[PDB]
Structures are given as structure tokens and as C-alpha cells.
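Colleague: Pasting a structure below so you can have a look.
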Amino acid sequence: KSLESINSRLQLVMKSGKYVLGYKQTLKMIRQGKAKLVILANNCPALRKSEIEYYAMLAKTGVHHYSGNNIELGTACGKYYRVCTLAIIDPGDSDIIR
Amino acid sequence: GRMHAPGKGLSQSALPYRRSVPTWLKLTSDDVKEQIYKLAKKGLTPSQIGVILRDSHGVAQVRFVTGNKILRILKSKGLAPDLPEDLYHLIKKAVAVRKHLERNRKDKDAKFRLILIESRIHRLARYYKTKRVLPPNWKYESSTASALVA
Amino acid sequence: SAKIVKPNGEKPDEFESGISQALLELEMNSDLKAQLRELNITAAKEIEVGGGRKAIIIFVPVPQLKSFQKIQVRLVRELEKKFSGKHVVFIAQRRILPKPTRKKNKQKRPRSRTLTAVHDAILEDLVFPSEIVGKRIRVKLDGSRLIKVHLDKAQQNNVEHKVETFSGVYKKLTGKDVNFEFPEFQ
Amino acid sequence: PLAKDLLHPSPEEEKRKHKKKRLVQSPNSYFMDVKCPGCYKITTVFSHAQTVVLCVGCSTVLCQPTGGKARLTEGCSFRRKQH
Amino acid sequence: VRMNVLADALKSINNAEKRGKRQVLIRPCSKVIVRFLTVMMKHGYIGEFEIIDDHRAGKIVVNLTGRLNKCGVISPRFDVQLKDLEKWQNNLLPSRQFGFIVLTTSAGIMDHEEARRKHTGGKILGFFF
């Protein structure tokens with residue numbers, strides 16, 4: 001039930017909230033301190049995963065390890081390209097509890 | 001009987017003969033409206049909006065109190081979903097069945113159910129293109145439908 | 001004659017000036033004029049019902065029908081006190097549109113303007129202190145139709161004496177026989 | 001029986017028949033005012049509610065969805081709404 | 001799925017009449033059914049019938065007088081002219097002394113004797129005798 005719920009919340013973040021897709025933009029958003037949630041596919045390189053976890057620990061932001069891969073994370077975002085890392089600027093749908 | 005099942009069930013909803021709003025309902029038309037709006041921002045489809053409005057806020061029929069249906073209100077304010085509720089759910093079911101099938105070759109029963117699901121999807125899509133709800137060139141492709149739902 | 005509250009298409013009036021009087025000297029009542037001054041009347045009509053009993057029919061605009069019914073049960077008694085021995089009913093002018101025959105641009109006729117919808121609508125707001133919980137139509141062996149209307153039965157104190165006047169006024173402005181009965185619990 | 005009165009049957013056989021098979025359709029459900037203990041506000045809930053109903057003033061559940069009828073939590077009183 | 005409301009109604013009256021019931025309930029009502037039953041009643045074949053009005057399609061309860069033999073329907077509403085009305089009349093009716101054929105004409109829903117009286121044809125509806 002967790003996977004379908006997180007997929008539905010991810011869909012509702014799209015079309016209703018501000019997000020960003022990709023690795024470089026995710027790092028850029030984290031180091032500006034305006035990313036509220038970082039979602040990583042398990043297909044992510046381990047070095048990249050560890051570095052993003054360290055960045056989020058520095059920025060005090062939550063990391064969710066998505067139970068798919070970059071293909072299924074791209075599908076969950078409504079896109080036709082693989083996304084391996086994404087950052088949520090603001091949910092607009094109670095994905096991140098206030 | 002059912003469209004794709006040998007069932008002849010009768011479970012329905014008996015709408016009462018009294019179309020008038022109940023006296024004990026203090027909610028006026030516009031109040032029920034912002035209730036719909038806030039619960040549409042939460043992502044609830046019109047069926048769920050009607051269900052929770054009947055269950056919790058005690059309104060019997062949105063149409064009886066406001067004069068318009070739930071989807072009409074959502075469309076008038078322009079926050080109605082791009083795909084229809086039932087077609088969206090049918091596509092979601094088809095995507096789930098295909099995802100289960102790509103791991104299970106020997107599930108021929110799942111293949112049969114998938115054929116039934118896609119048959120209903122195509123018939124509903126033909127109906128919606130007839131009423132110009134959908135674009136005339138709107139087609140359901142099994143490969144690209146995964147990005148449309150969930 | 002002071003006729004301040006009577007808007008409609010045609011400028012004169014006959015005996016409707018009297019109802020407009022009785023509404024204007026309904027001033028300094030028990031706090032009704034505050035929610036009544038923004039209100040208006042379309043037409044009025046006196047007909048004979050029952051034996052030697054008169055009933056007054058009041059025609060009102062459709063948009064203000066709900067605001068009227070919100071206070072209808074209040075001002076009916078003062079209007080009956082003004083005109084003793086008479087019953088007051090509030091009806092909306094619904095402007096029946098003719099059915100489009102085969103005989104230079106007219107829009108599609110709304111279903112609210114259709115005649116059957118007008119008739120059962122003016123049946124519903126006529127008996128507003130009660131509500132129609134069921135309708136029954138009997139064909140009396142020769143093509144004539146008699147309509148039985150089932151009321152709420154929740155109240156038996158202020159409508160049971162006006163069913164004759166209801167039937168008379170409905171025969172007057174609709175032309176079909178209707179009788180009223182109160183069924184048991186459902 | 002060849003002379004059953006279809007026009008005026010007694011309410012016993014009207015309540016026992018199915019909702020659709022009655023002379024006029026009547027829903028078997030109703031609305032109902034529930035009073036949770038320890039709170040003042042009155043909540044109107046569908047009798048056959050499919051969702052858990054919560055107070056806005058207290059984090060306590062009122063009814064649990066079941067097959068046909070919502071089961072109220074113990075200690076909650078209830079009445080009908082205009083029969 | 002129900003495609004001919006009048007057919008199901010007329011079959012219901014015919015079956016209840018054969019079973020000897022005093023009243024019959026037909027579920028889907030329509031203007032055509034009301035006119036057909038009015039034609040039957042004006043000829044005395046049925047008693048007073050009552051229309052139950054729900055906000056859906058209403059229901060009709062018909063008082064059966066016991067003097068009806070058959071009230072069948074012609075499902076394909078054939079175009080019936082005055083020239084070939086006699087062939088329909090002697091193919092569907094038991095005799096020439098009685099039995100009536102209801103056909104919808106431009107002047108209304110109406111039996112074949114009055115249709116020939118006012119010189120008009122129309123589409124076939126059914127027959128009763």
C-alpha cells in the first residue's frame with residue numbers, strides 16, 4: 001500500500017507543486033536550501049546516493065529511497081525519460097507534513 | 001447483466017422521491033461548493049468527493065442542494081481532471097495488470113482479464129470521443145499508458 | 001392610490017393595488033419589513049372556490065421564489081388577517097414556452113420552460129408548507145384524468161383546511177382535477 | 001390470490017421488499033446524529049457510511065465501515081433524522 | 001436489454017389476464033402505453049388504470065375486467081397504408097365483428113376503424129381482442 005500511496009502523492013505533486021528532476025538540479029536546489037524532499041531510485045549509483053544523503057543531512061532535508069528504478073521513477077513522475085534523482089520544492093498535497 | 005461477466009446483480013442506490021433539501025441541513029449551496037473545492041485540491045476524484053460529503057458532512061445529493069453536479073462544478077472552475085474518472089481508473093487497472101503480467105508469463109487468466117479491460121477501455125474511449133470530451137485523435141497505447149496513471 | 005411594489009411587463013393593475021397596499025401598510029410588523037422591502041410581486045388574482053369562499057393567488061418572480069418561501073409561513077397569517085375568510089397562496093410566474101412545431105432565430109427551449117415541468121413545479125410551490133411525497137394519476141374510465149397528490153403528513157395543522165382551495169386554484173390556473181390526501185408512515 | 005391490491009399494500013410488505021421492487025423506490029438508509037462522549041458538537045453521519053468519520057474537535061473515531069452499515073464506537077449515542 | 005417497452009407491457013397484461021389476476025403492474029410507463037391502454041379502455045376491454053408517478057419512468061396498475069383474449073404487439077412498426085390495412089385486419093383479427101388494431105397515425109394513437117373513418121394511415125402498434 002505504501003508504493004501505490006507514494007506513487008499517487010508523486011503524481012499529485014506534479015501538476016500542482018514545484019519540483020525539479022535530475023541530479024545536478026537536485027544538488028543545486030539542496031545547496032540553496034529550498035528542497036524539502038529528495039527521492040532516489042534504487043538504481044542510483046552508490047556514490048551518488050551517498051553524496052546526496054550527505055548533502056541532505058547537511059541541509060536537514062528528508063530522503064526517500066523510491067522502491068523502483070530510474071525508469072519506474074520517470075514513469076511515476078509522468079515523464080517519458082528516466083529520472084534518477086528529484087527534489088520537491090513544495091508539495092501542495094500534504095506529501096511533506098507541515 | 002454485466003458487460004464482461006455472467007453476473008446479473010441488482011445492488012444499486014435507491015434515490016429518494018423527495019428531491020428537496022433536508023431542513024436540518026444548514027449547509028447552503030456555496031458552502032458545499034468550497035467543500036468540493038478544498039477536497040478537489042486534495043486530489044479526490046468526484047466519486048470520492050460525493051462519498052465523503054455524504055458520509056461526513058451529511059449532504060444527501062450535491063445536485064439537489066447546489067443545482068449542479070460535482071463534475072459540472074469542477075469543470076466550471078476549471079480544476080476538473082483531464083481524463084475522465086472511469087477511463088482513468090480503467091487505464092490504471094490495465095497498467096497494473098500489464099505490470100503483473102510482465103513477470104508472470106503463465107497467468108493466462110490475467111491475459112484474459114487484460115483483454116476484457118482493454119476492450120472496456122476502447123469502448124469507453126469511443127464513447128468519449130463521440131461526445132468530444134476526448135480529442136478526436138486520442139488513442140490508448142499500452143506502452144505509453146504507464147505514464148498517465150499513478 | 002399608492003402602488004409602490006408591483007413590477008411586471010404591463011403598467012396598469014386591477015385589484016392588485018389592494019394587495020400592494022396591504023403589503024406596504026404591513027410596515028412596523030414583527031421585524032419582517034427588513035427582509036421584505038427588497039421583495040416584489042408580479043400579479044394577484046381572486047377566484048371562487050368551494051362554496052362561498054374566496055382564495056387569493058399571488059404571482060411572484062422565479063428568482064425570488066426561495067426568499068419568499070423562506071418567510072412564506074410567516075406572512076401568510078398576517079395576509080389572512082388582512083383579508084378575513086380568504087386563503088393566500090404564493091405561485092411563481094414560469095412563462096410557459098410553446099412547443100416548437102414545424103411552422104428568424106429561436107434558441108433551444110429550456111426544459112424548465114416546458115409545460116409539464118411548469119405544471120408540476122407550480123404544484124410543488126403551491127403547497128409549500130407541505131411537500132409532495134408521491135403523485136398518483138387515475139384515468140377515470142373515459143379519458144378524464146384525476147391526479148392524487150400525497151403530502152408530507154409531518155404536519156396536519158395548517159394545510160388540512162386548504163386542500164379544497166388548493167384543488168380549486170389548481171383547476172383554475174392549470175385546468176386539470178387534482179385531489180390531495182395524506183398517507184400513513186412510509 | 002388473484003385479487004391482491006397492488007395500489008394500496010400495507011407498509012409491512014413494503015418494508016420487506018427490496019428497495020427497487022417497491023411501488024416507489026425508497027432508500028433503506030438514513031442520516032443520524034452521533035454524540036461522542038466528552039464532546040459537545042453533534043455530527044451527522046450516513047448510516048451506511050463507507051469512510052471512518054472523525055471529529056474536528058477530537059482525534060476519536062465515530063463509525064467503522066462494514067459490509068452494510070457503519071458500526072459506531074461504543075459510548076456514542078444516536079438518534080434518527082425526521083424518521 | 002429492454003428494447004420495446006410496449007411489448008413487455010402488453011405481454012404482462014396478456015399473462016396476468018391468462019392467469020386470472022384482477023390487477024397487473026407494468027413497470028416501464030410511456031406515453032405510447034398510456035394511449036394504447038386508453039384505446040383499450042374506451043372500448044371496455046380493460047378497467048380503470050392508474051399511473052404511479054415516481055421521478056423515474058412511472059409504473060401503471062391496470063384493473064383487468066376479465067374480457068380480454070389477447071393484447072399482442074407488432075414489434076417492427078411497419079408503415080401501414082389505407083390500401084393494405086384490410087390485409088393486416090384479416091391477418092391479425094379473429095373476425096370482422098370485433099377485435100381492434102391500434103396503429104399510431106399522424107392524428108394520434110388510434111384504432112383502425114376510426115383511422116379509416118378519418119381517412120389516414122400510419123405505423124402499426126399492436127392489436128387487442
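Residue numbering restarts at 1 in every chain; chains get A, B, ... in the order shown in the C-alpha cells, and ligands count up from 1 in that same order.
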Please provide as a count of residues only all residues within 10 Å of residue 18 (chain B), with the sequence filter that same-chain residues fewer than 2 positions apart are discarded (counting only C-alpha atoms).

Modeller: 14

Colleague: Which residues are near region 11-23 of chain A? Cut-off 9 Å, only C-alpha atoms, ignore same chain within fewer than 2 positions. Put them as a short mmCIF file (atom, residue, chain, number, x, y, z; two decimals) with N, CA and C atoms, in the first residue's frame.

Modeller:
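Now in part.cif:
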data_model
loop_
_atom_site.label_atom_id
_atom_site.label_comp_id
_atom_site.auth_asym_id
_atom_site.auth_seq_id
_atom_site.Cartn_x
_atom_site.Cartn_y
_atom_site.Cartn_z
N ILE A 6 2.66 6.34 -2.34
CA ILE A 6 3.72 7.27 -2.69
C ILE A 6 3.67 7.60 -4.18
N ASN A 7 3.24 6.66 -5.03
CA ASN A 7 3.05 6.97 -6.44
C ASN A 7 1.94 7.99 -6.64
N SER A 8 0.83 7.84 -5.92
CA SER A 8 -0.27 8.81 -6.03
C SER A 8 0.16 10.19 -5.54
N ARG A 9 0.88 10.25 -4.42
CA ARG A 9 1.36 11.53 -3.93
C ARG A 9 2.37 12.15 -4.89
N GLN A 25 20.43 19.49 -10.93
CA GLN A 25 19.44 20.42 -10.40
C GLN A 25 19.05 20.07 -8.97
N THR A 26 19.03 18.79 -8.62
CA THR A 26 18.74 18.42 -7.23
C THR A 26 19.82 18.94 -6.29
N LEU A 27 21.09 18.76 -6.66
CA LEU A 27 22.17 19.30 -5.84
C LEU A 27 22.08 20.81 -5.75
N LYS A 28 21.76 21.47 -6.87
CA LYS A 28 21.61 22.92 -6.87
C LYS A 28 20.50 23.36 -5.92
N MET A 29 19.37 22.66 -5.94
CA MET A 29 18.26 23.03 -5.06
C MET A 29 18.59 22.77 -3.60
N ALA A 35 15.00 22.69 -1.16
CA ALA A 35 14.46 21.37 -1.45
C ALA A 35 13.94 20.77 -0.15
N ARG A 48 26.73 8.38 -5.80
CA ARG A 48 25.77 9.47 -5.94
C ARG A 48 24.74 9.44 -4.81
N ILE A 52 24.33 12.46 -2.09
CA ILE A 52 23.06 13.16 -1.93
C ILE A 52 22.54 13.01 -0.51
N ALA A 76 6.59 7.21 -12.75
CA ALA A 76 5.82 7.75 -11.65
C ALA A 76 5.71 9.27 -11.70
N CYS A 77 6.67 9.94 -12.33
CA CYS A 77 6.62 11.39 -12.47
C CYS A 77 5.79 11.84 -13.67
N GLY A 78 5.28 10.91 -14.47
CA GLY A 78 4.54 11.27 -15.65
C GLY A 78 5.38 11.62 -16.85
N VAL A 83 14.35 9.38 -14.70
CA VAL A 83 14.84 10.30 -13.69
C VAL A 83 15.35 9.48 -12.52
N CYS A 84 16.58 9.77 -12.09
CA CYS A 84 17.22 9.03 -11.02
C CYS A 84 17.21 9.78 -9.70
N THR A 85 17.13 11.10 -9.74
CA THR A 85 17.09 11.93 -8.55
C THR A 85 16.14 13.09 -8.80
N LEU A 86 15.33 13.42 -7.80
CA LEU A 86 14.41 14.53 -7.92
C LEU A 86 14.27 15.21 -6.57
N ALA A 87 13.96 16.50 -6.60
CA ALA A 87 13.79 17.29 -5.39
C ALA A 87 12.44 17.98 -5.43
N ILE A 88 11.79 18.05 -4.27
CA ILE A 88 10.47 18.66 -4.14
C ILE A 88 10.63 20.02 -3.49
N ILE A 89 10.35 21.08 -4.25
CA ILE A 89 10.43 22.42 -3.70
C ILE A 89 9.29 22.67 -2.73
N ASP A 90 8.06 22.36 -3.15
CA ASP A 90 6.90 22.38 -2.28
C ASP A 90 5.84 21.38 -2.75
N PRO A 91 5.26 20.61 -1.84
CA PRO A 91 4.32 19.56 -2.26
C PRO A 91 2.99 20.08 -2.78
N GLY A 92 2.32 20.92 -1.99
CA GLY A 92 0.97 21.32 -2.32
C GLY A 92 -0.07 20.23 -2.13
N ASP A 93 0.32 19.07 -1.60
CA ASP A 93 -0.61 17.96 -1.45
C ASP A 93 -0.38 17.14 -0.18
N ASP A 95 2.19 15.77 0.95
CA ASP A 95 3.23 14.75 0.90
C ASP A 95 4.25 14.97 2.02
N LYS B 41 -8.70 19.99 -4.38
CA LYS B 41 -7.28 20.30 -4.24
C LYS B 41 -6.52 19.16 -3.57
N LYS B 42 -7.19 18.40 -2.70
CA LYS B 42 -6.56 17.25 -2.07
C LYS B 42 -6.38 16.08 -3.03
N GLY B 43 -6.93 16.16 -4.24
CA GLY B 43 -6.75 15.14 -5.24
C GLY B 43 -7.85 14.10 -5.33
N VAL B 149 -1.07 7.23 -15.50
CA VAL B 149 -1.77 6.84 -14.28
C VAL B 149 -0.75 6.55 -13.20
N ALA B 150 -1.13 6.82 -11.95
CA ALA B 150 -0.33 6.50 -10.76
C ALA B 150 1.10 7.05 -10.84
#

Colleague: Give me, please, the distance in Å between CA of residue 74 (chain C) and CA of residue 58 (chain C), quoted to one decimal.

Modeller: 15.2 Å

Colleague: Kindly provide, as a PyMOL selection string, the residues of chain B having any atom no farther than 12 Å from an atom of chain E, counting only C-alpha atoms.

Modeller: chain B and resi 1-3+8+14-19

Colleague: Taking the DSSP secondary structure from the backbone, can you list the residues of chain E that are strand (DSSP E or B), as number ranges by chain?

Modeller: E: 23-26, 49-53, 59-63, 73, 79-80, 100-105, 108-111, 122-128

Colleague: When you look at residue 74 (chain B) with a cut-off of 12 Å (counting only C-alpha atoms), what residues show up, excluding the ones that are within fewer than 6 positions of it in the same chain? I need them as a ChimeraX atom specification.

Modeller: /B:33-41,43-46,49,68,80-82

Colleague: For the residues in the current selection, export N, CA and C atoms as an mmCIF file, in the first residue's frame.

Modeller:
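Written output follows (result.cif):
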data_model
loop_
_atom_site.group_PDB
_atom_site.id
_atom_site.type_symbol
_atom_site.label_atom_id
_atom_site.label_comp_id
_atom_site.auth_asym_id
_atom_site.auth_seq_id
_atom_site.Cartn_x
_atom_site.Cartn_y
_atom_site.Cartn_z
ATOM 1 N N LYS B 33 -20.057 24.081 -2.131
ATOM 2 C CA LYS B 33 -19.103 24.335 -3.203
ATOM 3 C C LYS B 33 -17.669 24.401 -2.685
ATOM 4 N N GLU B 34 -17.379 25.226 -1.661
ATOM 5 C CA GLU B 34 -15.963 25.284 -1.264
ATOM 6 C C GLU B 34 -15.531 23.977 -0.616
ATOM 7 N N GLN B 35 -16.473 23.231 -0.030
ATOM 8 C CA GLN B 35 -16.122 21.881 0.402
ATOM 9 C C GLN B 35 -15.606 21.051 -0.770
ATOM 10 N N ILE B 36 -16.336 21.070 -1.890
ATOM 11 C CA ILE B 36 -15.871 20.373 -3.088
ATOM 12 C C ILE B 36 -14.526 20.917 -3.545
ATOM 13 N N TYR B 37 -14.327 22.234 -3.454
ATOM 14 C CA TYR B 37 -13.094 22.796 -4.000
ATOM 15 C C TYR B 37 -11.892 22.345 -3.180
ATOM 16 N N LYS B 38 -11.985 22.473 -1.853
ATOM 17 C CA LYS B 38 -10.897 22.054 -0.979
ATOM 18 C C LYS B 38 -10.609 20.569 -1.130
ATOM 19 N N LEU B 39 -11.647 19.745 -1.301
ATOM 20 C CA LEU B 39 -11.392 18.313 -1.428
ATOM 21 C C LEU B 39 -10.969 17.933 -2.845
ATOM 22 N N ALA B 40 -11.158 18.831 -3.811
ATOM 23 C CA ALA B 40 -10.578 18.621 -5.132
ATOM 24 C C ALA B 40 -9.095 18.963 -5.140
ATOM 25 N N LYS B 41 -8.700 19.993 -4.381
ATOM 26 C CA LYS B 41 -7.277 20.299 -4.240
ATOM 27 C C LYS B 41 -6.521 19.161 -3.568
ATOM 28 N N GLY B 43 -6.933 16.163 -4.239
ATOM 29 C CA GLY B 43 -6.752 15.137 -5.240
ATOM 30 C C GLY B 43 -7.849 14.104 -5.328
ATOM 31 N N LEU B 44 -8.969 14.306 -4.641
ATOM 32 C CA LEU B 44 -10.035 13.315 -4.633
ATOM 33 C C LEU B 44 -10.877 13.427 -5.896
ATOM 34 N N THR B 45 -11.143 12.281 -6.517
ATOM 35 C CA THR B 45 -11.985 12.224 -7.694
ATOM 36 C C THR B 45 -13.440 12.485 -7.297
ATOM 37 N N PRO B 46 -14.291 12.890 -8.253
ATOM 38 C CA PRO B 46 -15.669 13.274 -7.892
ATOM 39 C C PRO B 46 -16.455 12.211 -7.142
ATOM 40 N N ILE B 49 -15.376 12.536 -3.629
ATOM 41 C CA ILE B 49 -15.917 13.772 -3.075
ATOM 42 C C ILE B 49 -17.360 13.569 -2.643
ATOM 43 N N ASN B 68 -26.251 21.785 -9.471
ATOM 44 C CA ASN B 68 -25.296 21.305 -10.456
ATOM 45 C C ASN B 68 -24.596 20.067 -9.921
ATOM 46 N N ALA B 80 -11.227 20.381 -13.066
ATOM 47 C CA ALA B 80 -11.597 19.009 -13.365
ATOM 48 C C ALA B 80 -10.406 18.259 -13.960
ATOM 49 N N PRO B 81 -10.313 16.950 -13.722
ATOM 50 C CA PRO B 81 -9.209 16.176 -14.302
ATOM 51 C C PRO B 81 -9.292 16.141 -15.820
ATOM 52 N N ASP B 82 -8.121 16.068 -16.456
ATOM 53 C CA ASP B 82 -8.077 16.000 -17.913
ATOM 54 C C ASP B 82 -8.698 14.705 -18.423
#

Colleague: Work out how far CA of residue 40 (chain C) is from CA of residue 67 (chain C), in Å to one decimal.

Modeller: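 Computing the Euclidean distance for CA of residue 67 (chain C) and CA of residue 40 (chain C) yields 10.9 Å.
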
Colleague: What are the residues of chain D lining chain E at 10 Å or less? Count only C-alpha atoms, and put the answer as a PDB file with N, CA and C atoms, in the first residue's frame.

Modeller:
ATOM      1  N   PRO D   1     -53.506 -16.013  -4.864  1.00  0.00           N
ATOM      2  CA  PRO D   1     -54.528 -14.971  -4.761  1.00  0.00           C
ATOM      3  C   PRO D   1     -54.609 -14.114  -6.017  1.00  0.00           C
ATOM      4  N   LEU D   2     -55.793 -14.048  -6.617  1.00  0.00           N
ATOM      5  CA  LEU D   2     -55.981 -13.321  -7.861  1.00  0.00           C
ATOM      6  C   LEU D   2     -56.334 -11.854  -7.662  1.00  0.00           C
ATOM      7  N   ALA D   3     -56.654 -11.432  -6.443  1.00  0.00           N
ATOM      8  CA  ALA D   3     -57.131 -10.078  -6.194  1.00  0.00           C
ATOM      9  C   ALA D   3     -56.294  -9.368  -5.139  1.00  0.00           C
ATOM     10  N   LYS D   4     -54.974  -9.451  -5.260  1.00  0.00           N
ATOM     11  CA  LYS D   4     -54.106  -8.654  -4.407  1.00  0.00           C
ATOM     12  C   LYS D   4     -54.180  -7.189  -4.817  1.00  0.00           C
ATOM     13  N   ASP D   5     -54.253  -6.306  -3.826  1.00  0.00           N
ATOM     14  CA  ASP D   5     -54.365  -4.869  -4.070  1.00  0.00           C
ATOM     15  C   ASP D   5     -52.954  -4.348  -4.316  1.00  0.00           C
ATOM     16  N   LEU D   6     -52.615  -4.136  -5.587  1.00  0.00           N
ATOM     17  CA  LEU D   6     -51.312  -3.579  -5.925  1.00  0.00           C
ATOM     18  C   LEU D   6     -51.238  -2.081  -5.668  1.00  0.00           C
ATOM     19  N   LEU D   7     -52.381  -1.390  -5.656  1.00  0.00           N
ATOM     20  CA  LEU D   7     -52.364   0.056  -5.452  1.00  0.00           C
ATOM     21  C   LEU D   7     -52.100   0.422  -3.998  1.00  0.00           C
ATOM     22  N   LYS D  21     -37.844  -2.894  -5.902  1.00  0.00           N
ATOM     23  CA  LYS D  21     -39.064  -3.624  -6.208  1.00  0.00           C
ATOM     24  C   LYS D  21     -40.282  -3.068  -5.485  1.00  0.00           C
ATOM     25  N   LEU D  23     -43.261  -0.214  -4.692  1.00  0.00           N
ATOM     26  CA  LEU D  23     -44.100   0.566  -5.596  1.00  0.00           C
ATOM     27  C   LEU D  23     -43.418   1.874  -5.969  1.00  0.00           C
ATOM     28  N   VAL D  24     -42.843   2.554  -4.982  1.00  0.00           N
ATOM     29  CA  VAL D  24     -41.969   3.699  -5.198  1.00  0.00           C
ATOM     30  C   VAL D  24     -40.658   3.419  -4.482  1.00  0.00           C
ATOM     31  N   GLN D  25     -39.546   3.708  -5.154  1.00  0.00           N
ATOM     32  CA  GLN D  25     -38.235   3.442  -4.579  1.00  0.00           C
ATOM     33  C   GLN D  25     -38.036   4.246  -3.302  1.00  0.00           C
TER      34      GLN D  25
END

Colleague: If we count only C-alpha atoms, what is near residue 50 (chain B) at a cut-off of 10 Å, once residues fewer than 2 positions away on the same chain are taken out, given as a list in words?

Modeller: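 Near residue 50 (chain B), the qualifying residues are residues 36, 44, 45, 46, 47, 48, 52, 53, 54, 55, 59, 60, 61, 62, 69 and 70 of chain B.
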
Colleague: Can you pull out every residue within 9 Å of residue 66 (chain D), counting only C-alpha atoms, but drop anything in the same chain fewer than 4 positions away, and send it as a ChimeraX atom specification?

Modeller: /D:48-50,70-71

Colleague: Counting only C-alpha atoms, which residues of chain C sit at most 10 Å from some atom of chain D, and what is each one's closest atom pair with its distance in Å to one decimal, listed by chain and rising residue number, as a Markdown table?

Modeller:
| residue | atom | partner | partner_atom | distance |
| --- | --- | --- | --- | --- |
| C:133 | CA | D:24 | CA | 10.0 |
| C:134 | CA | D:24 | CA | 8.2 |
| C:136 | CA | D:7 | CA | 9.9 |
| C:154 | CA | D:82 | CA | 8.9 |
| C:184 | CA | D:11 | CA | 8.7 |
| C:185 | CA | D:11 | CA | 7.8 |
| C:186 | CA | D:11 | CA | 6.7 |

Colleague: List as a list in words the protein and nucleic acid residues near region 28-31 of chain D, meaning an atom at most 7 Å away when only C-alpha atoms are counted, but skip any in the same chain fewer than 5 places from it.

Modeller: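 Everything that qualifies: residues 19, 44, 45, 46, 47, 48, 80 and 81 of chain D.
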
Colleague: With DSSP run on the backbone, what are the alpha helix (DSSP H) residues within chain C? I'd like them as a PDB file with C-alpha atoms, in the first residue's frame.

Modeller:
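What ended up in result_28.pdb:
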ATOM      1  CA  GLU C  16     -53.681  44.120  -7.266  1.00  0.00           C
ATOM      2  CA  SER C  17     -53.211  47.662  -5.992  1.00  0.00           C
ATOM      3  CA  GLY C  18     -55.100  46.476  -2.909  1.00  0.00           C
ATOM      4  CA  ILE C  19     -52.622  43.683  -2.207  1.00  0.00           C
ATOM      5  CA  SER C  20     -49.777  46.145  -2.811  1.00  0.00           C
ATOM      6  CA  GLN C  21     -51.434  48.387  -0.209  1.00  0.00           C
ATOM      7  CA  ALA C  22     -51.789  45.572   2.329  1.00  0.00           C
ATOM      8  CA  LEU C  23     -48.100  44.804   1.796  1.00  0.00           C
ATOM      9  CA  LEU C  24     -46.991  48.430   2.215  1.00  0.00           C
ATOM     10  CA  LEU C  65     -39.230  32.346  -5.032  1.00  0.00           C
ATOM     11  CA  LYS C  66     -36.840  30.804  -2.497  1.00  0.00           C
ATOM     12  CA  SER C  67     -36.512  34.018  -0.483  1.00  0.00           C
ATOM     13  CA  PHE C  68     -40.312  34.209  -0.464  1.00  0.00           C
ATOM     14  CA  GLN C  69     -40.713  30.617   0.728  1.00  0.00           C
ATOM     15  CA  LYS C  70     -38.153  31.264   3.466  1.00  0.00           C
ATOM     16  CA  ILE C  71     -40.759  33.539   5.126  1.00  0.00           C
ATOM     17  CA  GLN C  72     -43.975  32.273   3.461  1.00  0.00           C
ATOM     18  CA  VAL C  73     -45.335  30.505   6.557  1.00  0.00           C
ATOM     19  CA  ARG C  74     -44.848  33.738   8.499  1.00  0.00           C
ATOM     20  CA  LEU C  75     -46.637  36.317   6.375  1.00  0.00           C
ATOM     21  CA  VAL C  76     -49.499  34.053   5.248  1.00  0.00           C
ATOM     22  CA  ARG C  77     -51.231  34.532   8.607  1.00  0.00           C
ATOM     23  CA  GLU C  78     -50.983  38.344   8.537  1.00  0.00           C
ATOM     24  CA  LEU C  79     -52.235  38.365   4.943  1.00  0.00           C
ATOM     25  CA  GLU C  80     -55.175  36.178   6.001  1.00  0.00           C
ATOM     26  CA  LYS C  81     -55.848  38.572   8.881  1.00  0.00           C
ATOM     27  CA  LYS C  82     -55.914  41.451   6.385  1.00  0.00           C
ATOM     28  CA  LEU C 115     -45.316  22.957 -19.858  1.00  0.00           C
ATOM     29  CA  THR C 116     -45.301  19.726 -17.834  1.00  0.00           C
ATOM     30  CA  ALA C 117     -42.303  20.957 -15.834  1.00  0.00           C
ATOM     31  CA  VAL C 118     -44.093  24.260 -15.251  1.00  0.00           C
ATOM     32  CA  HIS C 119     -47.217  22.474 -14.028  1.00  0.00           C
ATOM     33  CA  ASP C 120     -45.635  20.148 -11.513  1.00  0.00           C
ATOM     34  CA  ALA C 121     -43.350  22.990 -10.382  1.00  0.00           C
ATOM     35  CA  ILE C 122     -46.341  25.240  -9.700  1.00  0.00           C
ATOM     36  CA  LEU C 123     -47.906  22.265  -7.943  1.00  0.00           C
ATOM     37  CA  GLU C 124     -44.893  21.954  -5.629  1.00  0.00           C
ATOM     38  CA  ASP C 125     -44.591  25.596  -4.579  1.00  0.00           C
ATOM     39  CA  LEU C 126     -48.373  25.905  -4.141  1.00  0.00           C
ATOM     40  CA  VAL C 163     -56.942  21.211   0.265  1.00  0.00           C
ATOM     41  CA  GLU C 164     -60.232  22.371  -1.276  1.00  0.00           C
ATOM     42  CA  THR C 165     -58.677  25.752  -2.063  1.00  0.00           C
ATOM     43  CA  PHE C 166     -55.569  24.021  -3.421  1.00  0.00           C
ATOM     44  CA  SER C 167     -57.721  21.904  -5.741  1.00  0.00           C
ATOM     45  CA  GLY C 168     -59.743  24.937  -6.812  1.00  0.00           C
ATOM     46  CA  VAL C 169     -56.742  27.104  -7.628  1.00  0.00           C
ATOM     47  CA  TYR C 170     -55.006  24.234  -9.447  1.00  0.00           C
ATOM     48  CA  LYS C 171     -58.130  23.696 -11.551  1.00  0.00           C
ATOM     49  CA  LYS C 172     -58.200  27.456 -12.138  1.00  0.00           C
ATOM     50  CA  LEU C 173     -54.697  28.109 -13.495  1.00  0.00           C
TER      51      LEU C 173
END

Colleague: Rank nothing, just name the residue among B:92, B:5, B:138, B:10 nearest to chain A, using only C-alpha atoms.

Modeller: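 Looking only at the distances to chain A, the closest residue turns out to be B:92.
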
Colleague: So what do you get for CA of residue 100 (chain C) versus CA of residue 9 (chain C), distance-wise?

Modeller: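 It comes out at 23.9 Å.
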
Colleague: Measuring atom to atom with only C-alpha atoms, identify which of B:23, B:139, B:94, B:58 is nearest to chain D.

Modeller: B:58

Colleague: When you look at residue 38 (chain C) with a cut-off of 12 Å (counting only C-alpha atoms), what residues show up, excluding the ones that are within fewer than 4 positions of it in the same chain? I need them as a ChimeraX atom specification.

Modeller: /C:4-6,32-34,64,67-68

Colleague: Rank E:127, E:121, E:11, E:105 by their smallest atom-to-atom distance to residue 40 (chain E), using only C-alpha atoms, and report the top residue only.

Modeller: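 Once distances to residue 40 (chain E) are computed over only C-alpha atoms, the minimum belongs to E:127.
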
Colleague: Taking only C-alpha atoms into account, which residues of chain C are within 9 Å of chain E, as a list in words?

Modeller: residues 134, 135, 136, 137, 138, 139, 140, 141, 142 and 143 of chain C
